[PDB]
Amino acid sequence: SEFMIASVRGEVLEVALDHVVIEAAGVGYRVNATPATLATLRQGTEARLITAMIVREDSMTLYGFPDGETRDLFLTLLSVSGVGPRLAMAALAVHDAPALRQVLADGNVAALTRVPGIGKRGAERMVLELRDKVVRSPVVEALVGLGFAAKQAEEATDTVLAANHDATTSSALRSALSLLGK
């Protein structure tokens, strides 16, 4: 969820079948990508991918995608116990984000099992863990994320919105926070 490299943009130096090399500031970044994302990319031209940076004791890796929503879905898959980055990429290479989303949403285990490395029991854990996972609400969420409880988060938010109808998401949040700081 929190990493450092959120995207890479610059000249495509190489399109392979499971990754691309994008040169930013003379540095050529290898970012792994599905064949679908890769097909939109042309060597010699400038591109931008939205990335998830993965840091392990013995590796550092970029996984890239067309948009933040797809990148966030990738991270979401990684939140399932037993689902690592390769598998998550595998899954998205077989089912594009929309299709992967609906499969999970509809609990389509047969679809899921079509992915190498996802057995039936694995498919089910995924569906179970992810089924539900695929102004006012965003704000409540931010508060919750900061540690606040749904109850109190909602109340500060409703009060803030009530007093100020022009409120944007950020202002609402800063007003709510200010009240919660009590």
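From 1 onward, residues are counted along the sequence shown.
Q: Between residue 134 and residue 135, how many deposited residues lack coordinates (none, 1 to 3, 4 to 9, 10 or more)?
A: The entry has a long gap there, with 10 or more residues left out between residue 134 and residue 135.
Q: Decide which of the stretches 81-89 and 100-108 has the higher mean C-alpha B-factor, going by the entry.
A: Mean B over CA atoms: larger for 100-108.
Q: For the C-alpha atoms alone, is the average B factor greater in 61-69 or in 115-123, going by the entry?
A: In the deposited entry, the stretch with the higher C-alpha B-factor mean is 115-123.
Q: If I read the C-alpha B-factors straight from the PDB entry, which of 13, 17, 24, 163 is highest?
A: Going by the entry's C-alpha B-factors, 163 comes out highest.
Q: Rank-wise, by C-alpha B-factor, drop residue 45 into the lowest, middle or highest third of its chain.
A: For residue 45, the deposited C-alpha B-factor lands in the middle third.
Q: Compared with the other modelled residues in the chain, in which third is the CA B-factor of residue 147?
A: Top third by C-alpha B-factor.
Q: Report the third (lowest, middle or highest) to which the CA temperature factor of residue 130 belongs, ranking only the modelled residues of the same chain.
A: For residue 130, the deposited C-alpha B-factor lands in the highest third.
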